[PDB]
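111 is the number that PDB author numbering gives the last residue of the sequence shown; the numbers go up by one with no jumps.
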Amino acid sequence: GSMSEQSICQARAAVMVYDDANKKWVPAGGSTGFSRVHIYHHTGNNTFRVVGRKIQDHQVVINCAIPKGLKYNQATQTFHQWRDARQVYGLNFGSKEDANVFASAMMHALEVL
Ligand SMILES: CC(=O)N[C@@H](Cc1ccccc1Cl)C(=O)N1CCC[C@]12C=C[C@@H]1CC[C@@H](C(=O)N3CC[C@@H]4C=C[C@H]5CC[C@@H](C(N)=O)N5C(=O)[C@H]43)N1C2=O
Ligand SMILES: CC(=O)N[C@@H](Cc1ccccc1Cl)C(=O)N1CCC[C@]12C=C[C@@H]1CC[C@@H](C(=O)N3CC[C@@H]4C=C[C@H]5CC[C@@H](C(N)=O)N5C(=O)[C@H]43)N1C2=O
């Protein structure tokens, strides 16, 4: 992408989505494992997105917009979640620091938007 989109946070987390029909969390992209998850700020239009890529093979497993007003829920000290119309996303962070720094960056983003 272009240089006007910049990463403002990176954390290690396993990305899950909620299978609405089976009432179970499943790995984003089909295989359980940790990803490197960034919050990218596109400075041109002041928008944000989350993109995560598996660490072991760089599969892109999440690429989702963070709109104004998004509700970000810290369900546990290492599992955080949010929605869009298509999926509920969950991040199982690799450590409490990963979770807390990612959440702080998300909250700062929600205030910038
Ligand atoms: C891990 C990471 O950011 N690395 C950046 C670091 C960077 C360097 C300089 C300035 C800003 C940044 Cl940050 C990077 O090396 N460089 C190489 C040039 C492309 C990129 C620099 C900026 C942009 C920000 C968006 C990100 C990017 O381009 N990304 C993030 C991963 C995502 C995955 C797949 C492909 C599919 C086509 C398109 C899509 N999904 O529609 N797409 C992406 O959008 C991918 N950039 C990059 O990698
Ligand atoms: C109003 C709303 O939008 N509520 C959402 C959560 C949310 C709140 C606020 C803002 C954004 C979101 Cl998105 C909700 O309750 N939604 C979405 C996913 C399905 C679920 C609804 C019901 C179940 C109750 C149990 C909870 C849940 O799913 N939980 C509770 C926390 C618990 C912790 C970790 C992960 C690990 C994998 C799995 C496990 N095997 O332990 N697991 C969980 O089970 C986690 N539900 C949910 O979150």
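Every residue gets a Cβ at the ideal spot worked out from N, C-alpha and C, and that includes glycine.
Specify, as a first and last residue, the run of the beta strand (DSSP E) that residue i falls within.
i, result
"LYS22", "22 to 25"
"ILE37", "33 to 40"
"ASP18", "Note, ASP18: premise wrong, no beta strand (DSSP E); not H, not E."
"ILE64", "58 to 64"
"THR45", "45 to 52"
Going along the chain, which residues of its own chain have a beta-carbon closer than 6 Å to the beta-carbon of residue i, five neighbours each way excluded?
i, result
"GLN75", "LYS94"
"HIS39", "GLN4, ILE6, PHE46"
"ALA63", "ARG47"
"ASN61", "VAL49"
Under 8 Å Cβ to Cβ from residue i, same chain only, skipping five residues before and after it: list those, please.
i, result
"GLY31", "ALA12, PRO25, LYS52, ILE53, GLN54"
"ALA103", "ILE6, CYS7, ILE37"
Please name the residue in the options whose C-alpha comes closest to that of residue i.
i, options, result
"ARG84", "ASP17, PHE46, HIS106, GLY42", "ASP17"
"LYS66", "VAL58, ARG34, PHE46, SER2", "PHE46"
"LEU89", "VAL15, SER0, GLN4", "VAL15"
"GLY28", "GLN57, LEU108, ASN98, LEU111", "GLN57"
Does the beta-carbon of residue i, which I'm using as the reference point, lie nearer than 6 Å to any heavy atom of ligand 4?
i, result
"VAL110", "The model on display carries ligand 1 and ligand 2 but not ligand 4."
Spatial neighbours of residue i within its chain, please: CB distance less than 7 Å, with the 5 preceding and 5 following residues excluded, ordered by chain position.
i, result
"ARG34", "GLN8, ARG10, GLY50, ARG51, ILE53"
"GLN79", "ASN71, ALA73, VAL86, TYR87, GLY88"
At what residues does the alpha helix (DSSP H) containing residue i begin and finish?
i, result
"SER102", "94 to 110"
Give me the DSSP bridge partner(s) of residue i.
i, result
"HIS78", "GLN72, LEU89"
"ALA9", "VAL35"
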